[PDB]
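Encoded as structure tokens, the structure appears first; notes follow it.
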Amino acid sequence: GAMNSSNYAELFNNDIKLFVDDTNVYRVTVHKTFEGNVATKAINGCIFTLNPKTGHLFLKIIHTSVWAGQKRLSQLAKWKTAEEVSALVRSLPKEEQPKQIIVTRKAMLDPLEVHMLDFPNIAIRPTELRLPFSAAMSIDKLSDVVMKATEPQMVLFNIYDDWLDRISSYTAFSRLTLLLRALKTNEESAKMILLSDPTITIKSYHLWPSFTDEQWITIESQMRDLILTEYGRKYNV
Amino acid sequence: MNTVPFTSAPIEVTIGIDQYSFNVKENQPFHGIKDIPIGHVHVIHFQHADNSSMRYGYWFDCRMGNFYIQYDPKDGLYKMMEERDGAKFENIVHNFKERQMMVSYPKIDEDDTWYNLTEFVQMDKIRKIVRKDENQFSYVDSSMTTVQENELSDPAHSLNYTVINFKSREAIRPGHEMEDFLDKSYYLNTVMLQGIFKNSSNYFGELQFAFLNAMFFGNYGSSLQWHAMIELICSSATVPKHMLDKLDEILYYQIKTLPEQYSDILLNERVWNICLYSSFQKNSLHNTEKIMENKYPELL
Ligand SMILES: CCCOC(=O)[C@H](C)Sc1nnc(N)s1
């Protein structure tokens, strides 16, 4: 059933699984009209579909044209997400298809189950973890490819860069979720931590800076402080 | 007006006939039920005094044969049997009537309740849900499971209701996933009505039969079927106007007849709130909504 703190190591076993996060699929800016009413303008979005064992990220860019002439867009966005995840699964070779898909929001369960009826042996699961995948658009290279898209497009990334050469997928996921939690809690400060030092760069083929093991410990400590700090500034403690 | 004689009443039992019921004491000189209205199916049902576990009973139509009840002390229940010797039967009934050993089906003349609850229920369709072809009547009890329940175990003792499953390939056209799930009209009208039931009368007959088995036997899978068939209509944006008007009448009389004290177990909060207040047909069931609001406002 649901994925929680108790069964956390299951993410890193050898059963292929994907997280699906839909929180950036339907994105809008809210603005005033000439008549003083309020309207929305959609901007490009993305489905965040991640293998937590390997780091492979299937970033399906949702171009604003998919909303043209449609009603009830927040509802449609869940079904469009499910359509695109189903299409991704069908595109994969059988031996690459996931055994389980974990949706980060419970409102994705019925849309994805219905789209995956042809795959009765793929488990569709919720999670009780509060994962920070909404902050994916705070990763500059992901935001850039989403905002530049002029048409629907799928772009493949490894969200762990080359970390798995040195650390396990449990540690890599822990680092990713810490980075994304920080970016979600205070994006400016988080990005200051990551890029303050000009001598540590981001490789062309990477998303994050090329930190040594020791620098990652410093970075990770700074991110924890930020999250505790912001938690301080928030609740006054 | 037809008769179902009893050989005897050797164990104390509450006997139901349709929506009526009466207590018979152990070895009380009771020899059956007369004046049963011709033209409707009927159900005669039993709850033993010493073991209220297992309500059981028999659906029958007196036009199809001469039926009687006889207790079996081996299997421990009142069984329905068919008497093929017409003259023996008539002679038995006449003797029991002369000695006034029968209760009379107690129908008030103004009262259309039983018609209204069985309007679309036919014995031939009952016999396909309840498979026991050597008999003209059909046994049902509290514990029998449905074909769908068994999928999720003795098949010969199953209720073969039509399987309805809103998240199934039958319900969902490839490429119409969102459309068909949020508006079930193609599943209702094409798959179920045109395809399986052939017409709305047969759909309503199975819906009414499911309700009656839920109410009279506390049969849980029958209650699931009744609610599924209601929800499938309410969740369709496109339903023939005559079906909506008839459904309102059907449900009105079901809600009216339900024991007030069984509402907690026989009525599904989610389905009824969804059907009356959220669904496409939230404004199409005026009679049902009014009786539900006045009789079971807690459920809502
Ligand atoms: C090697 C993982 C680096 O990142 C983390 O550890 C995240 C901050 S989660 C966390 N667990 N326990 C903590 N005290 S902080």
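When a ligand or atom number is given, it counts from 1 through the structure's own listing order. Below, chain A is the first sequence line, B the second, and so on; all start at residue 1.
Judged by the 6.0 Å distance and 45° axis criteria, B/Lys184 is positioned over the aromatic ring of B/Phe181. Within the cation-pi definition used here (under 6.0 Å to the ring centroid, within 45° of the axis), B/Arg55 does not qualify as a partner of B/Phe216.
Protein residues with a heavy atom under 4.0 Å from ligand 1 are A/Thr171, A/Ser174, A/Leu178, A/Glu220, A/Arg224.
Under the 30°/60° scheme for interplanar angles, the aromatic rings of A/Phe173 and A/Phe19 are found to lie parallel. Between B/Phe211 and B/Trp226, the ring-plane angle classifies as tilted under the 30° and 60° cut-offs.
Residue pairs meeting the side-chain hydrogen bond (donor to acceptor under 3.5 Å, both in side chains) criterion with at least one member in residues 139-163 of chain A, sequence neighbours excluded: A/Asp140-A/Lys191.
Two residues are said to be in side-chain contact when any heavy atoms from C-beta on lie closer than 4.5 Å; A/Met108 and A/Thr81 meet this criterion.
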